[PDB]
Structure formats: C-alpha cells, structure tokens
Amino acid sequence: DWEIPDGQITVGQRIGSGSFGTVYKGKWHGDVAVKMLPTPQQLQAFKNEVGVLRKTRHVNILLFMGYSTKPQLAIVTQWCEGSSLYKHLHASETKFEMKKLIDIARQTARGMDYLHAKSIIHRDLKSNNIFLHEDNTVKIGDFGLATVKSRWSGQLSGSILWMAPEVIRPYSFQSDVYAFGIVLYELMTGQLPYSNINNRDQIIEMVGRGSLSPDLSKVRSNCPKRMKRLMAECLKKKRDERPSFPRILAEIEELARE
C-alpha cells in the first residue's frame, strides 16, 4: 500500500504548472515532489500513472514514493535537485567533458533498458525528461505537464524533435530508441536537431516521410566512432533496423571503459 493519508505531506513551492497538472516541492519524511492532477478521465489517468510508476525500482528512474486521493489526487515522488539535460545543453549551454557525456548516456540507457525489461514504453523520452539530479545521477521520469499520462494517446510541440517517423505518421521500444538517438545527438552536438528549418510543419512532413534525419557531421570532433555508429542505428527510418536497449547499453559501457 502506497497511499499517503491526508495531512502528512506539507505542500510547498510551486515548481511548474501545465494543462494537465501542477508540480510542487514539499516535505514528507524529507524532500518530495508532489504532482496535483475529479473527473472519471482524470481518475483513470491518475491510476494508470500510479500503476506504471509502481512497477519501477531503479536508480536511473524517478523514485515513486506514494499517492493521495484526499483532498485531491496527488502523486508523490522523490525531489530532484538540479536541472534537466535540456537545461544543461541548451539553456546553461554547459560544456561537459566527453567522459561525463558518455556517463549520462550510460545512465540513461540503464534506465531505458530497465523500463523495456519491465514492458514499459516511455513514449516521451527527451532531454527535458532526463534529470541530472545532484549533477551526478541521471533520473528518467516524465516531468511534462502538458499531456495526460494514459495507456495511449488519441500541443506536442515540446516533443516533436524526438518523435520517430512512425510516431509522426506507433509507440514501441524502437520509438524510444529513436528518441534516445536524438538525446545522443544533443549530447554529441550540444544542439537540438533541425535548427535550420523554420517551421514545425516542415519537420513533421519531412521526418514523417523519411526524407529528414539529424546531421551527424555536426557532432563534436572528440566524439567517438562507436558513438557516431550507435546514433545512426538508433535513428534509422525502419524501426526494425534500430538496436534494442541491451545492445545500446553494452555499446555505451564498452565505449565508457575505452
């Protein structure tokens, strides 16, 4: 039983607010993050999200701690101190060492490898959803508040660059692998893909039809050969030609030691 009774969680500072939820910093036997989401759609979506998080016990996956029903639906997770991968590469524009870049990728592949072993498809893997908690441990969660956390979907502008061709035209282990390849492109170039394109509808049409893919010539000079090859396999147009996370993780782990 993970239900936290009414009056234990001290809800504090509002961290973020979206169209389908408000996240708050809080106290409950230490620091926590509380997601406040009642209609039957919200009730099914709350229980689906608690059911998926309930299945995760991994260091590289955001620690679910509990949930509440009264006086409002709430999901309690650990507090993540620091910034997302998107904030480090694109806002702080920090230049991590190659060792630190390969370690973030290794930690992300461990979390994704664990998720796919537990039959969990992320569906929204992106640098925004990869937290560099305490600047050392990588925490994969779903910190987005603009979409509903349901089994399947029927305003996705902050996720288009990580969508595979079949996801634009769907959700599988291979579509997460594509998104991870995009994350690898961000680590290896320091930039988001398709920066020269001026419209979102041009990326949607060109990526979807297979005539558009990240430019691997824009990668850092010190980027390893195995990393260039790994990104290329994860970003393949045909999803069946994409590697699985065990093979991705073992390539990053063999690269990290070399």
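When you see a residue number, it is the position in the sequence shown, counting from 1.
A.B. asks: Can you count, per the entry, how many deposited residues between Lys118 and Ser119 come without coordinates? Answer none, 1 to 3, 4 to 9, or 10 or more.
C.D. replies: Gap size class: none, per the record.
A.B. asks: When you step from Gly154 to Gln155 in this entry, do you jump over none, 1 to 3, 4 to 9, or 10 or more residues of the deposited sequence that have no coordinates?
C.D. replies: Missing in between: 4 to 9 residues.
A.B. asks: Please compare 177-185 with 71-79 and name the stretch with the higher mean C-alpha B-factor in the deposited structure.
C.D. replies: Comparing 177-185 with 71-79, the higher mean C-alpha B-factor belongs to 71-79.
A.B. asks: Check the entry's C-alpha temperature factors for 58-66 and 25-33, then say which stretch has the higher mean.
C.D. replies: The recorded data point to 25-33.
A.B. asks: Could you check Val52, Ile204, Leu230, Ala45 and tell me which one carries the biggest Cα B-factor in the deposited entry?
C.D. replies: Largest recorded C-alpha B-factor: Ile204.
A.B. asks: Relative to the other modelled residues in the chain, which third contains the C-alpha temperature factor of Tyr114: lowest, middle or highest?
C.D. replies: For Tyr114, whose C-alpha B-factor we compare with every modelled residue in the chain, the answer is the lowest third.
A.B. asks: Among the modelled residues of its chain, does the C-alpha B-factor of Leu125 lie in the lowest, middle or highest third?
C.D. replies: For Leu125, the deposited C-alpha B-factor lands in the lowest third.
A.B. asks: Quick check for you: using the entry's CA B-factors within this chain, is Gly141 in the lowest, middle or highest third?
C.D. replies: As the PDB entry reports it, the C-alpha B-factor of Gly141 lands in the lowest third of its chain.
A.B. asks: Based on the deposited C-alpha B factors for this chain, I'd like to know if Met98 is in the lowest, middle or highest third.
C.D. replies: As the PDB entry reports it, the C-alpha B-factor of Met98 lands in the highest third of its chain.
A.B. asks: Looking at the entry's B-factor column for C-alpha atoms only, identify whether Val167 ranks in the lowest, middle or highest third of its chain.
C.D. replies: Answer is middle: the recorded C-alpha B-factor places it there.
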